[PDB]
Visitor: 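My structure is below; once you've seen it, I'll send some questions.
We use all heavy atoms of the structure for the numbers below, so side chains are in, but hydrogens, waters and symmetry mates are not. Each ligand, and each atom within it, is numbered from 1 in the order the structure gives. Labels below follow one simple rule: chain letters A, B, ... track the order of the sequence lines, proteins then strands, and each chain is numbered from 1.
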Amino acid sequence: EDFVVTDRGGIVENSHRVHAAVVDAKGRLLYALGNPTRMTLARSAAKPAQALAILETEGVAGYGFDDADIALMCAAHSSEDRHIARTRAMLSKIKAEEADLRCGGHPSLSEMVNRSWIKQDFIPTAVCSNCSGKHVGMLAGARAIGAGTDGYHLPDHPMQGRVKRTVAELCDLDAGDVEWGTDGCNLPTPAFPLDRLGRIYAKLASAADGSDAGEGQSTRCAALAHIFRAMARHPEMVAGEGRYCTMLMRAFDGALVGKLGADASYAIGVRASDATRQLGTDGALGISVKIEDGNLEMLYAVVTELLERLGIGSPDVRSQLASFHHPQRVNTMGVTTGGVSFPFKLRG
Amino acid sequence: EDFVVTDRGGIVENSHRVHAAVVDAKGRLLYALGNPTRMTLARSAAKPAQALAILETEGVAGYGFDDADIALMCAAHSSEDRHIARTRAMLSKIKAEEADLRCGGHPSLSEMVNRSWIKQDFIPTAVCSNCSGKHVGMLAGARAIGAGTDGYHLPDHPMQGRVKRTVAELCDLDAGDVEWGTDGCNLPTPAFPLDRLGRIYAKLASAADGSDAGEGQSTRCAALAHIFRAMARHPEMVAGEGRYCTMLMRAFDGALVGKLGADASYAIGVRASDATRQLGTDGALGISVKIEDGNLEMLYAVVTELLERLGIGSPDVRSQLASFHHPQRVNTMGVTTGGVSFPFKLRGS
Ligand SMILES: [Zn+2]
Ligand SMILES: [Zn+2]
């Protein structure tokens, strides 16, 4: 019975089923909407796990990827010129070429960018892929271990072996409880219970907390903390101008990281704060969300509403997101015709 | 309940709740999915009832609207140049101007038309509205009874009083059982049980059957028959090139009319046929569908699946709709990554 709803003049137009998990740094379930263990394709929200697989590949350190490169590895970017430029710069660092990519072009995730492409009849290529940074990192990993760069995207390649292991490990799942399909960018892509997506991001944030504190860290926790700080420092690489993820991460100014998955999943890693303590946990927090029918506009409204209900942020921080929280319903003559409502109830 | 489901490598991606009603010519429920009486905003799918109100307005006959004009009154067109052109020619027939329209421009319902507008930096205006034909019809009726064109779109104008009474009468509902919001084109827009949307379209097809067969008809049934005929004859006016509605109606070549409502409603009126007799009725049939979350891609897939389940059309006729039936699920490198499935059973009365 957990829904987000749009109305016209009080009459229900559409309704969308919501699933959400709120977990602690061990993955213990604190709050939920809908079915918080729903088997769910993480899509682009898996990218911090895939970036960890890259950064844990021996020899990748020698290429000198910077924080903005790492953020782009974690990106579903808008294919802005700066994303394309950074993709080529990362290819140059590993002495590869666009022709070595195994992802393909697609209409930009930004409406404003895609409008400019349409105006020019532009044909996007591999380098414009929203996943281009993850693909450059996977090439780098393939080149670093000496495996061969053709086939780096294939499930029998050792780089995909590393990804599959790393995802199960962060999720704390046996390999048999993670399912695999193929993504738009033509990499294997994982599916696992929705709460475990929150667990991954809770572990990002927890690692960021330990790094910031000066605590001793395993090589994996060090790398997670690096991923968090890269995303939070360069949120415009993770998505782009006007994008929810970018506006979300700039508003919060290092307190959390957040990421979209295609077909309306979302994941947030919250560093330990007054808010998380108020929720009843002594460490970092993870949040995962899926809109059952895949509608992105409703995803962003639900994620902002959930941050409000969880007390994360302040009204002024969250207010930067106001156009997503309450999407505009204006007709062709400027008349408001209805709006969005949140008939769901968090359960503990 | 009843879902259309999309997968990626067999892993469930999205699922969409389906509502559908199959009704006979008197509105008796024959088959259903979901909640067949769901209160639903009919949106553009109510436009034949709005057309009926226009055509029943005293004196509208004197403008000489033709079959393609009536089709455009029933349309959610793609704002192709011919749709705009017919809108202006209809303004001319009633001696009105673009400045009289109270609908506004919007991005074209056709991705291909919208590509050309972006390239040309084109800003759509009132004459480009997908509802433009409806709005010229309502100007016409307003002027035909001397009620004035100013405010023709407002609930207190007698043309809108005529629309509201007419919607309830076609649905066979009391006035309080129809709810009203405001549409994207800035007209009043009705909400009523989904099966009643099927009833409107069954009444369309039924009247066309009666008209073809030479039966005595009231002015209203004669007018429903003209509406069906105008839509079936000019499916390109009702939508446009490449649009589901147009391709559907062309494939069936007069046997049915079909129309989209925004946020994924759909309605079909089916003329009496071997298919409909096999479904247990002696007359015409009406179908209405709503995808709960509003997804258009899923709507067209479900409607086409539902035609196959009902045996409506030859399997050869329906293969013209294959690309809508099972939408493409291929990635940026040409690899098929998933599909759509229909794990529901149509429940019969
Ligand atoms: Zn990808
Ligand atoms: Zn309209």
Visitor: Taking 2.8 Å as the upper limit, name the protein N, O or S atoms near the Zn ion (ligand 2).
Guide: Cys131(B) SG, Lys134(B) NZ, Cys185(B) SG
Visitor: What do you reckon, is CD of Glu56(A) surrounded by more than 12 foreign heavy atoms closer than 6.0 Å?
Guide: yes
Visitor: Tabulate below the donor-acceptor pairs under 3.5 Å that side-chain atoms of residues 163-171 of chain B make, not counting sequence neighbours, or state none.
Guide:
| residue | atom | partner | partner atom | Å |
| --- | --- | --- | --- | --- |
| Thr166(B) | OG1 | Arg162(B) | O | 2.7 |
| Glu169(B) | OE1 | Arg220(B) | NH1 | 2.7 |
| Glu169(B) | OE1 | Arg220(B) | NH2 | 3.0 |

Visitor: Return yes if a side-chain donor-acceptor contact under 3.5 Å exists between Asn130(A) and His106(A), otherwise no.
Guide: yes
Visitor: Assess, by modelled atom type and distance only, whether the side chains of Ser78(B) and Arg243(B) contain a donor and an acceptor separated by less than 3.5 Å.
Guide: yes
Visitor: Classify the ring geometry between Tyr244(B) and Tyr300(B) as parallel (under 30°), tilted (30 to 60°) or perpendicular (over 60°).
Guide: parallel
Visitor: Parallel, tilted or perpendicular: which fits the ring planes of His135(B) and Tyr152(B), with parallel below 30° and perpendicular above 60°?
Guide: perpendicular
